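Colleague:
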Amino acid sequence: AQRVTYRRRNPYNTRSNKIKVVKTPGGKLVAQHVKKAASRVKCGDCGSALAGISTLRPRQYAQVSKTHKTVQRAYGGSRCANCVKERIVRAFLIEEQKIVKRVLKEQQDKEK
Amino acid sequence: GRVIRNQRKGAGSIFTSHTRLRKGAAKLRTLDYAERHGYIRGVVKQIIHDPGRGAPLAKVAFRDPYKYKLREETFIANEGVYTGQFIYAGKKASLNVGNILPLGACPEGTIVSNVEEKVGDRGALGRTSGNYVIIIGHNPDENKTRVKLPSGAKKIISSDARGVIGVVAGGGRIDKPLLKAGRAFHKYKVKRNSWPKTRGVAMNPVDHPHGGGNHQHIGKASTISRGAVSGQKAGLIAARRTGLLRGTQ
Amino acid sequence: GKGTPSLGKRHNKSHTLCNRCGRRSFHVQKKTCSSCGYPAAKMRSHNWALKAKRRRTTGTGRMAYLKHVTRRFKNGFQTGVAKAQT
Amino acid sequence: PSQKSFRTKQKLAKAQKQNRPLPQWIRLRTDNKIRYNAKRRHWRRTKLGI
RNA sequence: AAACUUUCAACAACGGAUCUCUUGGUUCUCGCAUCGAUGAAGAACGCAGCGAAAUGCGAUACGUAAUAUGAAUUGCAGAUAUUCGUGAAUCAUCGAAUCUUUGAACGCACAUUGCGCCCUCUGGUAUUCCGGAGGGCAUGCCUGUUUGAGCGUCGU
RNA sequence: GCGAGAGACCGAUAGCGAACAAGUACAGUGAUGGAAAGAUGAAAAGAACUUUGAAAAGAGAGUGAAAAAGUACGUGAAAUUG
RNA sequence: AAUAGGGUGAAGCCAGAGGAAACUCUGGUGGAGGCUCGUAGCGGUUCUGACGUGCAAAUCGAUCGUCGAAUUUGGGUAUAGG
RNA sequence: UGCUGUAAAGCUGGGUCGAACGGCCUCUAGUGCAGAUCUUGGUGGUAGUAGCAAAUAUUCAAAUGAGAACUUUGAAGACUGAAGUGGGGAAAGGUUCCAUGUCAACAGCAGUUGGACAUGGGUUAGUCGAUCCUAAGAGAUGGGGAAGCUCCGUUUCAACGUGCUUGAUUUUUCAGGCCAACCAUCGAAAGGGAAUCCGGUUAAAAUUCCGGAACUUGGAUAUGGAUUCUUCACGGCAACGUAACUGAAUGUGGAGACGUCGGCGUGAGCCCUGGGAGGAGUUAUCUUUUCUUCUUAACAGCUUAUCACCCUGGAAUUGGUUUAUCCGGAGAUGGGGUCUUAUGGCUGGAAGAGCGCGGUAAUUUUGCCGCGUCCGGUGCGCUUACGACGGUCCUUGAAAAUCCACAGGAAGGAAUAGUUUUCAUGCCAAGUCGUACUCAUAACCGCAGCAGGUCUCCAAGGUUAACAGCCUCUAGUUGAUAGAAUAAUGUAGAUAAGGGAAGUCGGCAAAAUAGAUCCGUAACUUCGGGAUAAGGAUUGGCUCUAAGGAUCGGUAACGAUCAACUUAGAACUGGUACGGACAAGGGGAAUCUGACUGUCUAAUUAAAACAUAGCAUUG
RNA sequence: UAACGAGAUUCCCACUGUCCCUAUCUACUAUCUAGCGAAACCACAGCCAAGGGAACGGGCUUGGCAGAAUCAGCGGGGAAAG
Ligand SMILES: O[C@H](c1cc(C(F)(F)F)nc2c(C(F)(F)F)cccc12)[C@@H]1CCCCN1
Ligand SMILES: [Zn+2]
Ligand SMILES: [Zn+2]
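Protein chains in written order, with the deposited numbering: chain AH, 2 to 113; chain j, 2 to 250; chain AK, 2 to 87; chain AM, 2 to 51.
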C-alpha cells in the first residue's frame, strides 16, 4: 500500500496538523490537510447549541449571508427559543406584579 | 555551610504559586454608596472549581450603579448557595445565607464567613472550606464587634466590617485520607513547589542544622529562639511547650 | 553518560550573532552580548583584559574619519577651494 | 536548516564566495609572495560558527 | 666463508643547525594638541575587464572633484585614451563631494532585511485604497513663542 | 595619538604575540585563548627540443659564474639512514 | 507530542433462589486500579562476560527492573558561584 | 693533513662554499650545558610489529580503462521485512544538491569511483511558513533607590489619545458627537490563525513553474434582482425557512477555547473477494489458473444525522430503551415535523486528465491513430477521524489577537420616484524574507566517514492474542581491506556416559519450566489477596457432526436466498509424534530488613539509604 | 505484620560439565601472504650459583660456562609499565 508524507514543514501530529488520506485522479494516495472542526453557536442563557445557525470557523461567519447566522426572532442568533420564551413570560408577569405591589403599597401609604 | 531551603524559598524563583488555572481573586465588592446605605441585588451565574482551593467560588453579576454595565464578582461560595440565587449585599440586606451584611447588623451567635479584618479590605477571615466566624457580641458605644476565629481566637472588629452569612462550602475535605504520594503530588501540582519534603536530619551539615552524624539525630534542642537568625530557624520556632498535647489548654 | 553520549544533545544555540559587533556573543535568552555589552550604551571593556582591548579598539578597523583629522589639522582646518596658480 | 533567516543566508553567501582557489594570473605579478589561497574551508572539517 | 651487528671514511638521504643578512622589534630624546548627534570608534555586506586575501573604497564603491607635477600602468588585455599638452599615471597634495545596512544610534521594533504615521510630487477612473520618488517623527535639559490648567491668586 | 631623530639594544627558538594575507589560521556555548611561517639567482634566463613512461617522473639537451642554486631553492651541522 | 497484545475482574446494573423479617445465596453484565504478564520506550541488576593504547574519555552482548502513570520527552522560560 | 699547549683551546693541509672577518692594548655583558619527569624543533629502537575480525554474502560475464576483488551494465544469490537498510520533515550543517572533467592529497587495502579536487548550473508562492496574537516570562516610560556601573516596578502616588466617528469644506479652514476601567513593546517556523487543488514538466525547483479549475482579503463600483404608496420583506400554530430584506453610541453573549481513559457506532484509506474487458508467467502433468490495470482533487449545487427541539396526546396492567439503566404528569410510548451537514450519494469540476493495451512515423525536435477504463460483495479486520455515552480527581485539565449575532433605537429615508454592495454578476490588487540537499552505521554533536547520542509523520501478505519472533511483496542496499589454511590460547555458541553442587565465599555461569484448554490448588491474610500457588491431563494431520445468524414472504415454530469465524464432540491415521521452527514462569519451607508504586551517587555503591501516605509537635 | 523486593541469609524438590574429569564440534581471531601501518616503554643493556655490598646483582669478585640468524607460544625475572 502507498504511504504518505506531510505536505508542509510541520512534522508533528498537532491539532492544526491533521491529515486525511485521499486518492487523486492520478491513481495516487496523498495526504490532504484537514482544518480544525467548527464548534456550534450556543445559547447565552442555557448553553445549548442554537438551531438554524451554520457551524463555521469564526472568520467564515463574515463570508456568509445573514440568514445563515441568525433566526427570525428576538434574540434570534443569541438565545434559544425556550430561553426567549422564559424572558417574555418572566418580564410580563414580574412587571404585572409590580403594578399590584404599587397599588397595594399606595393603599398602605394613605391610611395607617 | 550552605543556604538552606528555608532561605531559598524567599527569593521565589521556583517557589512562586502556580496560578495559570486560578479563576480570579476571591473578594467582596468594593464598599460603595449602595452597600453603605441600602442594598444591591446580584444573581449567581456560576459555581466553579478554583484550582488550589478547597472551597468552590461563585461568580455573581451585579449592575453598575453609575454606568450601563454588568459587574462580575468572585465570591467564595457558602454552602447552600445555588445558581440563580439572588444575592443581596449592603447594610439593609436581610439575614439570608449568601448575603453580605455589616457585622453590627448581625445578632449575637450569627455564623458569618469571609469577614473583613478592616472596613473595606474585601474579606480576610474564614475563607477556607468548612470554616466560618462566630459573632460573640457587640459594643455599640465603641462601634465594635467581638468574633471568634477558626483558630479559637477572639478578635475585635469594627461593626462596619462585612461578612457573608453561612459556612464556606466544601467542608469535610480533610476527613478522607490521600492514600497516595501521587495524590499529594497532584494536590501540590497546582499550589506550589513545597513537596516532597526531605527530612533535615537526612542531609549533610552544609544543607541543614540537623545534618550530619554517624546516626541520624538532631544533636541539640530542636526548639529554636524567636530571636534566632535566618538559617538557624529550622525546627520548632519559639516553642512554648513540646510533646503530645494532653488535656485542655 | 556525561561524556560522549551527552555531547550528542547539542543543537540549541545559547548565543547568536550580535548586531553591534557581529561576533556571535549575543546571549539569546539574556538579550545581551557577552563581548561588547550590547544593548548597553557603553562598550564592554575591562582593565583586567588588556589583550581583549587590542582585539577591538581604534586602529583595528578603518578609521575612515580619524584617518584625515591629522591632515586637516596641519592645514588649519581649511575652508574653501584651492586657487590655481597664474 | 531549510528555514533560515536573511542574516544567516547572507553570511552563507559570503562564505561561498571566499571559498575559491587563487586566480593563477596573480602568481605572475612582480614581487608576489602568495602561492595559494591559505583561507580555504571545507564544510565537514571547519564549521562557520554562524 | 657469507649474511647479520658494531665502528670509521666517501658520496647520496632525513632534517634545518651554523655563518651572513634585515622595509621588523625594543628603548631613549625632540616637537605638537587634532574624535563624536555637522553622526565617531567599531561591525556587517558589497565594489575591479579578468581577485580569494591584505590594502583602498561605498551603488559616484581598488574610487569622483580640485591643486601640483609632467608621460605612464604593467601579470595579460584594451580604448569611441593620451604626448611642444586643460595632459598618462599619481591616497603627490587635498580645501569640494559621495558615503549601502548599522553602530552613542534617534518613528516603534529587531534571533524579523518586521510594522507604522505626517508633508510634497507622481501612476492606477481616488481627501480615505494600492504602488513609486523625495523630505520628516528619539530622550533629558536651556532660552524664547504659542496654546492652555489650577476658587494659588489680584482687580471690576 | 600625530610627526621626527637616535642607540656599546635583539638579530627570525632572539626582538612586540605578530619582520610574512597577525590578533591571522584555529579552539571554546561564552568570557576569552591564540600559533607556525624570512633568504634561488644580478636577471626567470623557472629547463625549448629529442627519447622511455598511462602519468608523476627519468635520461640526454638547454639557461646560468655556479644546477655541489630547479621553486621539496643561499650555506646545508647532528641525531637517524642507504 | 508518545505509550502492541493479554490476565485479573472493583463500584454500578439485570435476572433467579431462599427467608416472617432483618436479610442471605447464585448466574450474568460492567470495566476500576500510583493492579498484573509482556513489546516500543525509560532504566541499568548480574555475568564482577567482551573491550580495557577500546567501536566508545563509559561502549558492546546476553540477562534483568519498569512499562497508563509521582510516566517518557521536544521547544520556550526562570533560578548563577559561598 | 698535521703542529703547539698539563689543560680550557689556538693555528694549519684537503674538500665544500660565496661576502664579509680577524690579531694586539683596553671597555662592556642577555658570555661557556649532559642532566632540571627542563623548553621548542627534529629523529630512532620497538617494527614492517600490534593490528585493519560487531552489523549472515557474495559470484559469473561484458563495457570502460595503462591498470578492475572494489567503477558501470546484465545475470544470479541474499538481506532490511512497513516499530525498514522505505518515503518525508524539526533542530544542526551550508552548497554537501546537479552536470561535465578529474585522481597530487583524503576515503587507516585499492580506485577508472566519491559527500574529495576543478569549472559551471541550480532554490520562482496573495493561498506553504515566517510576519500578527498572547503563554510562562523578558522589559522601556512616569516615579522611587543607588557614589555609580545601574536596581525596583509594569492596573504601579502620572495633567499619559502621534484618539475615533459623521456632515463636510474644496472656504485644504471647519462644525460638532462620542468615549480613553484595560491598552509601550518583545515572547511560539509544535499553541491561536483569512485564502489552492488536480494533471504535466527539470540534469538539479515545485501546494512556488506550465495547463485547467478555484478561494480569501483590501479597494472601487455599475447592472440585474430585491424593498418602499401600510416606507425599512414575507411564509410556518411552532421548532424555524429564504437570494436579498436600514440600524449610530453603548451593552450582552457566542466562536477562538481546550484533561484523560473505557467500550460502542458511522465514515475514510488499506486489507480480503466475485463477474467482465486487457496484459504478463507456468503448462511432463494439473490449474475457468498465478500476478497485474480498471482511478477521480480543491471547489459549486441538490440531497444526507446521532443529538437537540416543536405540534398532537395524556400514560400503572408502568412503558420506552443501551454492550454499558437511564428517561417520562417538569408530559413517556405512539403519530407528525424543524435544525446542525460531521459523513456519505448524485451532478458539475471530468475525461478532454491519468492508467492499461493494440497499430503505425522516424537518426528523427517530438509524435500520431484506435480500443478499454464497467458492475458488485464481505467484516469482533488494521490505522485514523468524528459522534452519542460512561468512568475518574483533596487533580476539574491556558490566554489573546480576531470574527459574528443579539439588545438598543440615534440618524436617514419614498410615489413619479426613493435605498442596499450581509442577493447575483462584473473591475483592480496582494508587498518582504525562507524555499536546493542531508536529517544520519558518511552531510548534525561526540578531535573522525566514531558500533555512542539526537524530536516526529505514513506502515502490505502469511503464522499468531500480537504493530512480538520467523518468511515474503513494494522500495532500498549488497556497504564493513582481501586471499590461503584450519596449531596452541582465546571470544561467541553447542553437546556429553554414570553421579547430581561432592565445585565454590556463594548454584556465579548454564540447565530445567514456559503458549493454550481442562482439572486441582495449602499456611497465612489488612478478606482485597496469596495464585500462573503446589500438582496433573491434553495438543498433529485428515474425514465428518452439532451449535451460535442476516434479509425477504400474512403452528412465519415455515420456505427462499445470503453470510463471519468461533466453540464442542466423534472416527480414522503415524517410528507415541504434534505450543514439532519461533515464541515462552522454575518451584517450595523460613529468618533479617524496608509497608507498598516511586527516587539518587551521568563514569566503581540501586540498598536496609531518600521519598511517600499515615501520625505528632511548633509559629 | 498480609502483599510487594534485580535487597541479605539457611534448607528442600527439579535441573544441570559447577565438579569427579575431561573430550569433541562450529564461526571469528591468532597463524601465513598482498596492501596499509601505530603505541607504551628505552642510562647502557640483557645466561647462571655463591660472596660481599645501601643487609635479595645483568654489570663487581670467584666459579659454572659460552657459536651466526631466527619463528610460534609463554607469563619466572627485568624489585617490568601506568
Ligand atoms: O444566638 C443563637 C444563634 C445561633 C446561630 C447558629 F449558630 F445556629 F447558626 N445563628 C444565629 C443567627 C443566624 F445568623 F441567623 F444564624 C442569628 C441569631 C442568633 C443565632 C441562638 C440559637 C437558638 C435560636 C436563636 N439564636
Ligand atoms: Zn437557551
Ligand atoms: Zn556584541
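Just so you know, even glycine gets a beta-carbon here, dropped at the ideal spot from N, CA and C.
Here's a check: name, in chain order, each residue in its chain whose Cβ is nearer than 6 Å to the Cβ of j:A239, leaving out the five neighbours to either side.
Modeller: Result list for j:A239: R227, in chain order.
Colleague: With distances taken Cα to Cα, identify the nearest neighbour of j:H19 among j:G201, j:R241, j:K188 and j:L237.
Modeller: Residue j:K188 is the option with its Cα nearest to j:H19.
Colleague: Taking 7 Å as the cut-off, is the beta-carbon of AK:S36 closer than that to any non-hydrogen atom of ligand 3?
Modeller: Under cutoff, so the answer is yes.
Colleague: Ends of the beta strand (DSSP E) at j:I175?
Modeller: No beta strand (DSSP E) contains j:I175, which DSSP labels as neither H nor E.
Colleague: Within 8 Å, do at least three Cβ pairs link the segment 149-163 of chain j to the segment 53-68 of chain j?
Modeller: Segments in contact, no.
Colleague: How many Å lie between j:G55 and AH:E87 at the Cα?
Modeller: If you take the alpha carbons of j:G55 and AH:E87, they lie about 35 Å apart.
Colleague: Output yes or no for whether 8 Å exceeds the beta carbon distance between j:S231 and j:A170.
Modeller: No.
Colleague: Residues in its own chain within less than 8 Å of j:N144 by CB, not counting five upstream and five downstream?
Modeller: Same-chain partners within the cutoff: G105, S159, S160 and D161.
Colleague: Starting from j:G183, trace the alpha helix (DSSP H) both ways and give me its first and last residue.
Modeller: Start and end: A182 to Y189.
Colleague: Counting Cβ pairs closer than 8 Å, one from the segment 53-63 of chain AH and one from the segment 9-25 of chain AH, do we hit at least three?
Modeller: Taking 8 Å as the limit for Cβ pairs, the verdict is that the segment 9-25 of chain AH does not touch the segment 53-63 of chain AH.
Colleague: Output needed for j:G99: all residues of its chain with C-beta closer than 7 Å, excluding positions within five of it in sequence on either side, in chain order.
Modeller: Closer than 7 Å at Cβ, skipping near neighbours: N79, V82, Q86, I88, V165, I166 and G167.
Colleague: Which of the three DSSP states is assigned to j:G105 in this structure?
Modeller: j:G105: helix per DSSP, three-state reduction.
Colleague: Beta carbon of AM:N38, beta carbon of AM:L49: below 8 Å?
Modeller: No, the Cβ-Cβ distance between AM:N38 and AM:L49 is not below 8 Å.
Colleague: So, for j:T224: in the same chain, excluding its five sequence neighbours on each side, which residues have a beta-carbon less than 6 Å away from its beta-carbon?
Modeller: The residues are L237 and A240.
Colleague: Given the structure, does j:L102 come close to ligand 1, in the sense that its CB is under 7 Å from one of the ligand's heavy atoms?
Modeller: No, since every heavy atom of ligand 1 falls outside the 7 Å radius drawn around the Cβ of j:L102.
Colleague: Within 10 angstroms of the Cβ of AK:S36, are there 16 or more other Cβ atoms? Answer buried if so, exposed if not.
Modeller: Buried is the call here.
Colleague: Do you know whose CA, among j:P197, j:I219 and j:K198, lies nearest j:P206's CA?
Modeller: The option with the nearest alpha carbon to j:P206 is j:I219.
Colleague: Grab me the residues of AK:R73's own chain with a C-beta within less than 8 Å of its C-beta, minus the 5 sequence neighbours each way, in chain order.
Modeller: Excluding positions up to five away in sequence, the list reads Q79.
Colleague: Express the C-alpha separation of AH:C84 and j:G43 in angstroms, rounding to a whole number.
Modeller: Their backbone Cα atoms lie some 20 Å apart in a straight line.
Colleague: Less than 8 Å between the beta carbons of j:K68 and j:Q47, yes or no?
Modeller: No.
Colleague: The beta strand (DSSP E) spanning j:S114 covers which residue range?
Modeller: Residues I112 to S114.
Colleague: Please state the DSSP three-state secondary structure of AK:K54.
Modeller: It is helical.
Colleague: Which whole-angstrom value is the C-beta distance of j:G110 and j:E36, which I expect to be below 8 Å?
Modeller: Actually they are not in contact, since the Cβ atoms of j:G110 and j:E36 sit about 24 Å apart, beyond 8 Å.
Colleague: Who are j:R72's beta bridge partners in DSSP?
Modeller: DSSP, once it has assigned bridges, lists j:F63 as partnering j:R72.
Colleague: The beta strand (DSSP E) with j:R163 in it runs from where to where?
Modeller: Looking at the DSSP string, the run of the beta strand (DSSP E) that includes j:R163 is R163 to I166.
Colleague: Between the beta-carbon of j:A235 and the beta-carbon of j:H211, is there less than 8 Å?
Modeller: In contact: j:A235 and j:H211 (Cβ atoms closer than 8 Å).
Colleague: For AH:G78, tell me which candidate among AH:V31, AH:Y13, AH:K29 and AH:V42 has the shortest Cα-Cα distance.
Modeller: Comparing Cα-Cα distances from AH:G78 to each of AH:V31, AH:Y13, AH:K29 and AH:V42, the minimum goes to AH:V42.
Colleague: Report whether the distance from the Cβ of AH:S79 to the nearest heavy atom of ligand 2 is below 7 Å.
Modeller: The answer is no for AH:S79.
Colleague: If you follow the alpha helix (DSSP H) that j:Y34 is in, where does it begin and where does it stop?
Modeller: Its alpha helix (DSSP H) spans residues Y34 to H38.
Colleague: Kindly examine ligand 2 and report whether one of its heavy atoms sits closer than 7 Å to the Cβ of AH:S55.
Modeller: Answer for AH:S55: no, Cβ out of range of ligand 2.
Colleague: Is j:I5 near ligand 1, with its Cβ less than 7 Å from a heavy atom?
Modeller: No; taking the cut-off as 7 Å, the Cβ of j:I5 has no heavy atom of ligand 1 nearer than that.
Colleague: Hey, is AK:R56 close to ligand 3, as in C-beta under 7 Å from one of its heavy atoms?
Modeller: No, the Cβ of AK:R56 stays beyond 7 Å of every heavy atom of ligand 3.
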